[PDB]
Each structure stands twice: as C-alpha cells, then as structure tokens.
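A short write-up of the structure that comes next.
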Amino acid sequence: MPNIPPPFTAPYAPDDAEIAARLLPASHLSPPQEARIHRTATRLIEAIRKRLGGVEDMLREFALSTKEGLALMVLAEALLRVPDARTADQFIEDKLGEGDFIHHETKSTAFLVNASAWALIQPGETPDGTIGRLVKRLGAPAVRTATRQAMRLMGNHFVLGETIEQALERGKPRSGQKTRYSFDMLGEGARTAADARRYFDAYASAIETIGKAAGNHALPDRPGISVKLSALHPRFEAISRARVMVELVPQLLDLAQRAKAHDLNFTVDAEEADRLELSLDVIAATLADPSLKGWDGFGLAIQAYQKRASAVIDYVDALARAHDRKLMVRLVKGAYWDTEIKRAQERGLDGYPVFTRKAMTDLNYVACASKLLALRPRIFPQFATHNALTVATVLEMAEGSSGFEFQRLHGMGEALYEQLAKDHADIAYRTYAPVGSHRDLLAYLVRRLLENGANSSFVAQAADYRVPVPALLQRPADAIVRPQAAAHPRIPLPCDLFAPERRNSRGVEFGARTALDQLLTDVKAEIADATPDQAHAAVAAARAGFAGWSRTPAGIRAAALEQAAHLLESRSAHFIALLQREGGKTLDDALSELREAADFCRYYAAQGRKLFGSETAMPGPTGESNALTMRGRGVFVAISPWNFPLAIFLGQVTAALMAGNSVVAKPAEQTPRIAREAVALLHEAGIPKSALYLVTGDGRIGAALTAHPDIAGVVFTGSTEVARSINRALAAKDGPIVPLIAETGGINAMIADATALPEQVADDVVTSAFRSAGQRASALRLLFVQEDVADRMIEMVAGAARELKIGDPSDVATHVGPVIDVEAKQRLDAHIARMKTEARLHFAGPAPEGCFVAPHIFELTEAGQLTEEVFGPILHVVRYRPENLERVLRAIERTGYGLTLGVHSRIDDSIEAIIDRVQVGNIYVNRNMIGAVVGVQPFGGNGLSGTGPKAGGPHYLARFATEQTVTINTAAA
Amino acid sequence: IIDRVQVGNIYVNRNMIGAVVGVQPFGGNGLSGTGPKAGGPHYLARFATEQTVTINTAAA
Amino acid sequence: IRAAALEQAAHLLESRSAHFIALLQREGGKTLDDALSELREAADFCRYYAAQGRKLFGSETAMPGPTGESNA
Amino acid sequence: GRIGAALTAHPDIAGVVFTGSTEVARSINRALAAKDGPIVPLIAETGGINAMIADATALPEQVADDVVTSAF
Amino acid sequence: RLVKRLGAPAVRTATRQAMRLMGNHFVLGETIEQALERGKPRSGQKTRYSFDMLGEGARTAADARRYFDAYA
Amino acid sequence: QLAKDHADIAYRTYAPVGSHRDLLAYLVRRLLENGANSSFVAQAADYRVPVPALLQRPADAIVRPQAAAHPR
Ligand SMILES: Cc1cc2c(cc1C)N(C[C@H](O)[C@H](O)[C@H](O)COP(=O)(O)OP(=O)(O)OC[C@H]1O[C@@H](n3cnc4c(N)ncnc43)[C@H](O)[C@@H]1O)c1[nH]c(=O)[nH]c(=O)c1N2
Ligand SMILES: Cc1cc2c(cc1C)N(C[C@H](O)[C@H](O)[C@H](O)COP(=O)(O)OP(=O)(O)OC[C@H]1O[C@@H](n3cnc4c(N)ncnc43)[C@H](O)[C@@H]1O)c1[nH]c(=O)[nH]c(=O)c1N2
Ligand code: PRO
Ligand code: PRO
Ligand code: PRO
Ligand code: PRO
Ligand code: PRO
Ligand code: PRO
Ligand code: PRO
Ligand code: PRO
C-alpha cells in the first residue's frame, strides 16, 4: 500500500489569475464535443421550460424576498401540522391576512421549537410584520394563495416532524419497498452536548430506516445518507482540534459502521472553508479504522468553488489508495459563498478561499469533474448540480461510460434529469430529500433560500422565460476570456476594504493550520510608580511641548500615526504576547486588539488630514475672506482601562495627538507594560518626546493629573464613579471649562423574539456575554427572550456556555481566560453569591484553579433586579410576554445606561420600533454586540454610558480641538 | 500673530464686531467659553448624540 | 419638519421686523442700526441652523464595512 | 438667577446652553458635575478681554474707525 | 425565434394557452353567420354579453355592405 | 368584487364578435393596450408592483400645470 497522506495543508487563498492561466487553455473542447454539449444542454433546458412547482418558482411568482419566502414556508409547515385540514383552510381564509400579522409570524416560528406554543381580529389593523408588509404589497388574497403554494412545497419536498421519529415515520416506504430517495439529514452546528447526541441518534435512526428499505442491489444502487460533522460535535473548530479528534472520530466511526452493515452510501457533507482541514483530519482518522474495510460506500463532498478543491481530490485519492478503499465522492459547487466572502473581509485575510466569479467556480467544477472521472474505478464520483450546462459538459467528458452518477435535491432538477434519462439510457442520478425535525428547519431553510433566490443561480434563470436559452449555454471560459479577469472586479480584497481612504490591518485564518501554527510559534517566541512631583513635571513638560506639536503640519502628525500602525503590525507577535501575558487575553482577542490598535492609528490619521489639513472657506461678501480651522487645545490627560490596554490606550492617545495636543497618558495600574511599549513605539514612529509622556501609578496619580490647572482636557475610559469625580475636579477649577470625553460602560441588553433563529441567538449571546470573560464595556448583561422560546433559548445558551474551555489564555483551545486580578474575581464572586440567593440559576460553570470566573447564567423575575454593571462572564435573562415589549423597553431605559443593545428578530417593523424608541449608542441586529470595528461601528453611547463623541467615528477628533475663524478685509488689494 | 494666539475670532484690518451667521462662526476658548462656535458647522452636533445601527443582512 | 419650522420662524421675524426692532430699542436700549442688525442675525440663525439641520439630521451616514452587513 | 439655578440643577435635563458671565458658567458647570446622573454637555460663551494690535503700516484713520466701532 | 428563446415545449404550452384565450374571450367564425351562431344563447335566454363587432375601415364598397349586413 | 361591495352596481360586458378576416386588424390594436407598460391591467397583474403604487391619484402625479405635457 502507498503512504497515508500528511495532514491536509494547501494554500488558503492563492491568486485567481494563476489558477485561471492553467484552467482556461485546458477547458478547450473539440468542435464535435462542444456541439454535443450544446445539444444536450439545449434539450435539458427545453424540458425545464416545458411546464410540480418549486421554491424558486414561488419566489419568482410573487416577487418575494428570501425573508418573505422564509416566513411563508414556516407558516406553511405549521399549518400542515394542524390536525384538521379544514381548520387550516378556515385559518387561511378568515384570519391570515386579515390581521394579527406579527402574531401569526411569531407563533408559526415558535412552533418549530415549541410545538405547544401555537393552537388555532378587529378590522382596520395596520399591516406590519413580514406578513403584513406582504399583504399591503400583494393583497391578502395573493398572500393566501402564496401560503397555499408554500404548503404544497413543504409537503412535497421536505420530510419533517416534531421529532426525528415522526419524520422517519412520515418518510417510510411500504414494507418490502426501497426508498426512492436518499436522506439529506437536516442538522448542523450542535450548540450543546445534548445536541450532538440527538443528531447522532437521528442519523443512527435514519440509517436503520433506509437500511430496512434498501432493496437488493449492490452499490452504487442503494440509498444514501448525508451527515454534517458540525452536527456531531458542539465545538467543531480548528482551535478545539484536540478534543474533536478524541471525541468526534469515534462518533463518526460508529455511524459509518452502522451504514456499512446496511451497505449504504455514507457521505460527509462539506461545510465552511475554515473547517476543511479539520474535516479531512476527522475523515482520515475514521476511514483508517479496519472496521470499514470491504465496504465501498464511505465518502465525502468536495466544494469546487474552493481554490483548494483540486488538492482535496488528490488528498482523498491518496487516502483511498493508502487504505485500499473504494470511495463515493460528491462534487458540489458550494453552499457557503456569501459566508466565505464576509468572513475573509471581517478576518482581514490576504485573499478569499473561494473564487469570486461564478464562471470560475463553473470552470473549476468541470476541471474537478474531469479529474474525478479519471480516478474511476477506485473513486465513484457523484456530480451534485442542477445546472443543465454543467450536467451536459460532465456527461460529454465521461464519453458515455458508467461508474459515476448525478445527484439532485428533491424539488429541483426533476425535469432536467428526467430528460437526461430519456436521451441517455445508462444515466444514473440520486435524489436526496431533506429529512429531520422542525427545530432544524429554520437554519436549513435560510441557506436553501439563498441559492434559490440568488440572481446568478442557474435554476432561477432557466425558469425565467425572460432569459433566452442561448444565454444559459455560454461556457465558463468564454465568460472569463483572460486570466487577469479571474477575480471579480467589484469585490475588493480584504486588505482593500477601506481603500482609498486607508489601509486595513491584516488578520489570521485560524482554520488554516499553517497560519495558526506560525502565529502560535511567533507569539511563543516572545515599573516604578510616578511620584506626584514626576506627574507634575510630566504635565509641565507636555505643556512646553504643546506649541511645537500643535504647529507641526497635520500630514506630518498623520504620517506618525500611520508609521505607528505599520510598526504595530510588523511587531504583532510582541504585542500579542504582551496582551496574553499582561492582559490575560485569548489569542483571538489579542490579535483582534492589535488590529484595532493599528486601525485606530490609520483612521484618526485619515480623519486628521481631512479635519486639520486645510481650512474651510466660508461664503460671504466680496472683498473679505473667512476661513475656519481647528487647532490643538493644549495638554490632554488620557486615562485608559486594563481591558483594552493597547487599543483604547492608543485610540485615546493618538486622537489627542492627531488633533495637535500634547498628551500625558496614565494607563491602568494592571497593564503598564504594554502602555510603555506603545509609547516607545509612538516615539519611534515620529511622535516627539516633548509631545507624549507616560505616567504610571494609582488612582491618586490619575487624580493629580486631572486636577492639574494647566491641562486642556481629559479623555477617559473606565467606571462611572471615577468619571464623575474627574468631572467634579474639572468643574471645581477656576480656570477654563475644558472638555471631558468619557466612556463608562453599560448594562447592555439584548431582545430576542420568537422569529429569531434560536441557534444564532445562542451563538451571539454566548459570544457577547462570555468572550473575554465578559470583560468588555459592550458585553451582553441582560437577555430579554419571548416566553414562547425562552426554554429552548436559555437551555441552548447554557449548553453552549458549558462547552467553552476556561484556562490559560496561551493555550490555543481556551475560550475564557482569567479575569484581570484577584480583586476583580472577588467582586464577581460576590455578585454571583448574591444572585444565587436572589434569582434562578441556570448555569454555573466549573472554574479552574486560579484567577478565573466561569460563565454564569441567572434568570430574574424582573430587569430591576440587576442594578449594576458586573464586569464579568455573568449573563442575566428575563423572559417576557410579546404584548409587554413596552415594559422591556422601559426596563432598559430605567438603568440609565445606553452603550450596546442587541436585537434578534426577523421582523423589520419590530427592529425599527425598537431602534426608534431607545437612545442606545450601538444597536446590533441579528449578530453579536461586541468587537466594534474602527470606522465601521463608531463606538460609544449616552446617559451613564458616557459623553461621546463616538470613538472610531467621524466626530471624535474635533472634540479634542478648538475652532478658529480668520476674517481678513482683503479690499485694500 | 495668527500662528501664536489661540483666540477664536481674528479680524484683520476691519472692526471686531457683528459676526455674521455662517460667515464668521463665532466663539472662542479659555475663559471665553467651550465651543462649539455659534453660527458655524460644528454647532448643532453638540446638541445631539450619535447612534450606530449595525444589521447583519446576510440572511437576505 | 423641524427645519421648516425654523425657516417659517425666519419668515415671520422679517415680516414683523418693525415690531421686534421696536422691542430691541425700547427694552434692549439698542440704536436703530444695532436693532436691525440683531433682527437680521436672528432670522439668519433660523435659516442657517435649518440648513445645517437637514444636512446633519436629515439622513444617515453609511459606514464602509464587510459585505453582508450594513452600518449607519 | 435662582430660577436659572433651579433649571440647571434639575436632574432630568440633558444639557445647558449658556451665554453670559464666566462666574455663572462655572457655577452651572459645578451644579452639573455635582449631580449623580449623566455627564451632560455645557455650551458656554463667556466674553473676553479682547485686544487689537495696530502697527505703523496700518492706515491710522481706518484703525480709528474700527477702534471706535469695536469699543463703543 | 420564440422556439430558440423559450424552447419548443414552452411554445407548445403558450400556444395551448392562446387557444384557451381565443376560445373563451372571442366569438369568431369564417363568416359572421358562423360567429353569430357560435355566440347564440339557448332559445328563450338572454345573451350575457353585448357585441363589440369586429370591423373597421371598409376598403371597398363590398366591404361596407358586408359590415352593414353583419351588424344588421 | 365591485358588485360584491356595492349591490346596486351595473356593469356591461362586451364580447368581440366577427369573422376571421377582421381578427388581425382588431388583435393588433388590442395587443397594444395589453402590452403597454403604463397599462393598469398589466401593472395590477404584475406582483412586482405594490398595490399602493396603483393608487396614486392623477393630480398627485402631475402636481403642477407646467408639467402637463410629457417632457420626452
Ligand atoms: C445532492 C446535493 C448535495 C449537496 C449540494 C447539492 C446537491 C444537489 N450542495 C449545494 C451546492 O454546493 C450548490 O450550492 C447548489 O447545488 C447549487 O449549485 P449548482 O451547480 O446547482 O447551481 P448553479 O450552477 O446556479 O451554481 C450556483 C453556485 O455557484 C457558486 N457561485 C455563485 N456565485 C459565485 C461567484 N460570484 N463566484 C464564485 N462562485 C459563485 C456557488 O457555489 C453557488 O452555489 C452542497 N454544498 C456544499 O457547500 N456542501 C455540501 O455537502 C453540499 N451537498
Ligand atoms: C367596453 C369598452 C368599449 C371601448 C373601449 C373599452 C371598453 C372596456 N375602448 C378602449 C379604451 O379607450 C382604452 O383603450 C382601454 O379600455 C384601456 O383603458 P383603461 O381605462 O382600461 O386602462 P388604463 O387606465 O391602463 O388606461 C390606458 C389608457 O391610457 C391612455 N394613455 C396611455 N399612455 C398615455 C399617455 N402617455 N398620455 C396620455 N394618455 C395615455 C390611453 O388611452 C390608454 O388606452 C375604446 N377606445 C376608443 O378609442 N374608442 C372606443 O369606442 C372604445 N370602446
Ligand atoms: O462556526 C464555527 O466554526 C465555531 C464552532 C462553534 C462556534 N463557532
Ligand atoms: O469600566 C471599567 O473598565 C472598569 C473595570 C471593571 C468595572 N469598571
Ligand atoms: O475538555 C475540554 O477541552 C472541553 C472544554 C470544556 C468541556 N470540555
Ligand atoms: O466593541 C467592543 O467589544 C469593545 C468595547 C469597547 C470598544 N471595543
Ligand atoms: O468640542 C467641540 O465639539 C468643538 C467643535 C469643533 C471643535 N471642537
Ligand atoms: O459679534 C458680535 O459683536 C456679537 C457678540 C456675540 C456674537 N455676536
Ligand atoms: O456632543 C458631541 O460633541 C457629539 C459629537 C457628535 C454628536 N454629538
Ligand atoms: O456677559 C454678559 O452678558 C454679562 C453682561 C455684563 C457682565 N456679563
């Protein structure tokens, strides 16, 4: 036997043009080959257009957005499970579209997780909600018609139940009969340990159901089942690789053995690009087990839209050769394109793991198909596509042989493949039906609706009679023509996300083992207090340096900040090491703060040139010029917290510097070493020694600086109480009234209604409340959840919080590092002890020995029971009745804070009513509440959360400056 | 002189009074007050607070 | 609508300039040039803050950022 | 001024815009800082001891006009 | 051209739909007598619709007589 | 629907009646109104057009007499 291949590690995002330079000349097919492709594909499309309806047909017919399609399909599924069809019909006629629009949308969605939530109207009701807006746009009668069509789609193309047992019973064939379709199991991303067991049992149960109804033919002519690795493990991620290999591989092996005993086709689905390498590790370790010898049905899907696709085929082939197995290997284009684009941008990667032009995916798909056909008979390829051109092209390359199959999803490609079977008798195609429980439908529908609603989609275009048949027949190479056109011209690289305004900081893809190992390796390879006299001397020295720095040209100040950003990223490992050792930060938080620090420098520099680089001409009479400028105020005191000891330290300091002020900077007592390094870096980057001084020490040293009569302002990030005493010490002076800029935390809420996806709420609640041990001013402190989904949401958040690893922040697998010091831990433990006697406990995690606090979840009777910002991993939850959203919003107003607010809801009218009502500075809708990006989410709020202006936004720098008008009577000239 | 002083309104070779709204934004610093200048483009913002709305649109 | 109210206030001030000028002279002690000038300045404040008001509070500023996400 | 003080000391107001003497602006500022509620904005214009510099290249009759206007 | 753009099967479907429209919404014949016979109601029953007579722009004297007779 | 909501409503329905030699000329004109983009029946059947769009009253679309003639 040949060698087991090494762990898969292809380059993540190679250059598109170099890939196109090879694929474009090789795509050339001969004239008679291309003519047959043209004929096959024309006949296939003519059959598609012959005219059972589909999802895309419903979307097209009623001009529905994907949100509206989703709402109607959820309503449809609920209505199908009303015991009496006549009861459902009465509902559709008499109630649907008459009113209770948001109630119907909310109840029908709650039904998917809480079957008892829904059991089945004044006139003139304002049409709101997804359904009400649909009614205003189309009329209630069309909405009824659309809902009835969605009911036919949900009943014909999905195999669903309140439990997997009911789904499998509904999808059963008659005893002695084979199932006419394979099972694409619903289920992705276990959030809890209980989730992972349930999906395992569902899969095992489905394997027995399709096994008992499998016929007597050999492979390939036997049913299949499709499974997702993320469903089988609650932290399926590269940084948790060590536990995944120990925990997931036995689970996947157990299911594969159960599949083998029925001689089934067993397929591991392909998921996001940052899980490719981990999935191949798991798949290799499973396939290696000798219990799977003698069975030809094991396999996996490979996504052609990935630049690594061809290397994955090589890896899978060497795997099959090394263990002397036959594998069934599914080639798809890829279901997560939008996710991959967004992720690479957010993560500042140096490129995209996927192609960005559709024709490039189609080109690579045919090249990969040709590669897979040549690997027969060891590899049995399965070409999963509903594109008539792709099918015609793959068929022509096979040159009329067998040993492969096509694949489709129930409700798509039926006319395509029926016609193919008519014209080529030896054609096999496998049809999968989605099978699973209601609690897994929403997550599945969201992704299915993206492909069916995409404008570039082939099935959507082949069904629009506006698109001529010849348009759907252009071969990919003819659309790309030249390799330099491989990348999409309107999609910038992540490093160009803000061009030409400024550069972007670079991130790291943790799902690329080469990138993660280098980062871990680089990082692994890496103070007397001030007397009141030395602080007093620091002010005097900054005061003397003010005049020259103030008069230094803005472009020179900006150049210094941009060089500071350059040095930060060049020395990223040093600062990351400091953030981990001194700050206690996990590697993602440390990398993220380093990026934020560089982003602050570049953004304030760009803002700085705009604001202080030139004068504004004012209109006015002739013979007179009027020019408005802004100039530095004087000496700013900057006081910074320990929880962002580099980025907030540098944001405040470089803002004051950019506006032309000299700065005395007082860092938190707990984190002076990183502040010392940053100041030394700023001096090296071009900030004169006379313009910036560091003073370390106690709160009494911070007080002496802010009481000093010669300072011109204070920029402060910390607690409400210290901000007030600073404000009082400033107002007590007899000198000028100087600006105070303060950000002082929040008691930040999130509102989740029953239309939100519970697994996304859970993800975002876990992140917002427990990332960085809750040591973020933006962190979620108070979750409001509608009662109809509160049980499932609270239980999923608790199960997810239990899977967070707490420990040493330098370990790659850690999710929750220690809290800053013993005094912090003592404050948090006191609030925990108090809440245990005062409110319901849902989760109290196990904390390791040391300066750790584990995630906690408490449920309150009323929001009023939470009266302080508690700066730790401690979530509070209130469940509420949908009619009481006003009591919720008053509860949020009552705290006096207003920093962040999360809103999880499908309902735009609900989201908007919340935004209109609250004053909160940062509102995050259907995502987590943390990690504001400089120049993207200007960060800061009002009330007890501080003064503004927002850091990282366009109103920040001006507050550090004063205005000057120069009026010159020019008439003498 | 302009480079050296911090005064809010500098009038060269004319009188010092009667600032015109939107022409000479009026106001200064030190013991003369806080800013922003009345009748100028930075005035209104000081009476307001900022709000960022971030919507994950990916579901669409 | 707030801006319209300020512009209508400016319209009314100038339309009733004689009344306010008289008030500025009798109650304020202002000479006629100072009163007229302050009346003009009052109307100018209304129209200027109204125009600034539409620019500043009339619409949202879109922030750059990743695809799949809006920031306003 | 006691009624002005009651208004600026009221715990429900969200800011103060003030034009007058330095001394009163400071006491307003102190009454704001003394509150336990939010730190609210104070916008204050408080006068000046305004100078003029005239050198020997200036036209003395234009300096005179402008000094008389600006001071009286 | 319709076939190249939509495919012959869609053209067949469109033609069958046009056949339903022509049969349901038009009262036609090779002569007016056949149209009127096809558009007749049962003896003793009123026609559920009024007649918008086809016919415009006689080009010939024979045309004008034929349209007169059709109308009559 | 009108007859359902207002019982005293009368409407007359016409059918086209005539011979084949008159169909073409009739169809050409009928097809212009059914195929026109501005047509109400064409827009009320396109679900892309929201119901509120079809309800704008004519005066609100013209606003000013100088806009009566079509600008293009
Ligand atoms: C039986 C079966 C099983 C599966 C899958 C399909 C079927 C039929 N899929 C889904 C598959 O990847 C794909 O999303 C859809 O089938 C649509 O692709 P087509 O070839 O049908 O259509 P079509 O040819 O219209 O191609 C659409 C695809 O093109 C790509 N695309 C669109 N715009 C692009 C752009 N600007 N640049 C680059 N590429 C672009 C996307 O991948 C998109 O899905 C999947 N998917 C997956 O990721 N893992 C899996 O395990 C499976 N499993
Ligand atoms: C029973 C019956 C009998 C007849 C007629 C209709 C019916 C139902 N018609 C046809 C009629 O004049 C009209 O053409 C159609 O009925 C469509 O008009 P609506 O009010 O239905 O539709 P709709 O309200 O959509 O209005 C369409 C009409 O608007 C007008 N229009 C479109 N664009 C315009 C523009 N840019 N500027 C100005 N006007 C514009 C045109 O007149 C066009 O027909 C007719 N017609 C006729 O000329 N003589 C006749 O004897 C008859 N007889
Ligand atoms: O999506 C991922 O890759 C990880 C897995 C658990 C939470 N986020
Ligand atoms: O706001 C801050 O940064 C500090 C740290 C814990 C609570 N207050
Ligand atoms: O052992 C581990 O690594 C994980 C972390 C939390 C629960 N188990
Ligand atoms: O957005 C966040 O999570 C942190 C909190 C203060 C600014 N950045
Ligand atoms: O403090 C402020 O807001 C003023 C306005 C422009 C310059 N600084
Ligand atoms: O410029 C002037 O003379 C007056 C004084 C305050 C503002 N306008
Ligand atoms: O009070 C301020 O200065 C902030 C800046 C932008 C809006 N208001
Ligand atoms: O500044 C003012 O308006 C008052 C008048 C005299 C002293 N201070």
Side-chain angles (χ1 to χ4, degrees), chain A residues 65-67 70 338-339 342 446 449-450 453 547 551 616 618-621 624 626 628 630-631 633-634 712 735-739 757 898 906 911 915 919-927 932 936-942 948-950 953 955 958 962-972, chain B:
Chain A
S65 65
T66 57
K67 181 200 298 293
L70 184 72
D338 296 281
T339 294
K342 182 167 192 191
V446 177
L449 279 181
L450 289 201
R551 287 175 189 60
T616 302
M618 307 302 293
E624 176 183 273
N626 292 271
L628 183 66
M630 284 188 278
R631 48 197 293 166
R633 293 185 152 272
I737 303 177
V738 301
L757 193 43
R906 191 205 300 148
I911 297 161
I915 290 165
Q919 273 188 295
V920 181
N922 285 81
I923 298 168
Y924 289 101
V925 182
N926 290 324
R927 53 151 286 180
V936 179
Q937 293 95 22
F939 184 83
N942 51 69
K950 286 173 161 288
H955 299 102
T962 191
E963 297 162 274
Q964 179 160 81
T965 308
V966 171
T967 303
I968 305 175
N969 164 14
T970 56
Chain B
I1 290 172
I2 290 166
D3 168 89
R4 166 69 174 264
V5 312
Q6 273 188 296
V7 181
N9 284 82
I10 299 169
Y11 289 101
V12 182
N13 289 325
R14 52 152 286 180
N15 72 44
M16 298 156 53
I17 63 168
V20 171
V21 168
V23 178
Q24 292 96 24
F26 184 82
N29 51 71
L31 300 180
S32 295
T34 57
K37 286 172 161 288
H42 296 100
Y43 198 62
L44 291 193
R46 193 73 174 96
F47 299 78
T49 192
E50 295 161 275
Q51 179 158 79
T52 309
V53 170
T54 303
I55 306 174
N56 165 16
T57 56

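Hydrogens, waters and symmetry mates play no part in the numbers below; they use all other heavy atoms, side chains included. Here is the naming used below: chain letters follow the sequence lines, and residue numbers restart at 1 for every chain.
Per-residue counts of heavy-atom pairs under 4.5 Å with chain B were compared for A/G941, A/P736, A/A547; the largest is that of A/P736. The greatest number of non-hydrogen atom pairs below 4.5 Å with chain B, out of A/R631, A/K67, A/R927, is found for A/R631. Chosen from B/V23, B/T49, B/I2, the residue pairing most often with chain A at heavy-atom distances under 4.5 Å is B/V23. When each of B/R46, B/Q6, B/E50 is checked for heavy-atom pairs under 4.5 Å with chain A, B/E50 comes out on top. Most heavy-atom pairs under 4.5 Å with chain B: of the set A/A971, A/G620, A/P619, this distinction falls to A/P619.
For B/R4, the parts lying under 4.5 angstrom from a heavy atom of chain A are both the backbone and the side chain. Contact of A/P621 with chain B is made through the side chain alone, with heavy-atom distances under 4.5 Å. In this structure, chain B has heavy atoms under 4.5 Å from both the backbone and the side chain of A/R633. For A/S65, no part lies near chain B; criterion is any non-hydrogen pair under 4.5 Å. Both the backbone and the side chain of B/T34 come within less than 4.5 Å of a heavy atom in chain A. With a 4.5 angstrom heavy-atom cutoff, A/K342 touches chain B only via side-chain atoms.
With sequence neighbours excluded, no residue forms a ring-ring contact (aromatic ring centres under 6.0 Å, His included) with A/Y924.
Panel note: side chain A/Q964, backbone B/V7; a donor-acceptor pair is recorded below 3.5 Å. Judged by distance alone, the side chain of A/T965 and the main-chain N or O of B/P25 form a donor-acceptor pair under 3.5 Å.
Taking 4.5 Å as the limit, every side-chain heavy atom of A/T616 sits out of range of all side-chain heavy atoms of B/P41. The shortest side-chain heavy-atom distance between A/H955 and B/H42 does not fall under the 4.5 Å cut-off.
Just one of A/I968, A/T967, A/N969 meets the side chain to side chain contact (heavy atoms under 4.5 Å, CB included) condition when paired with B/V12; it is A/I968.
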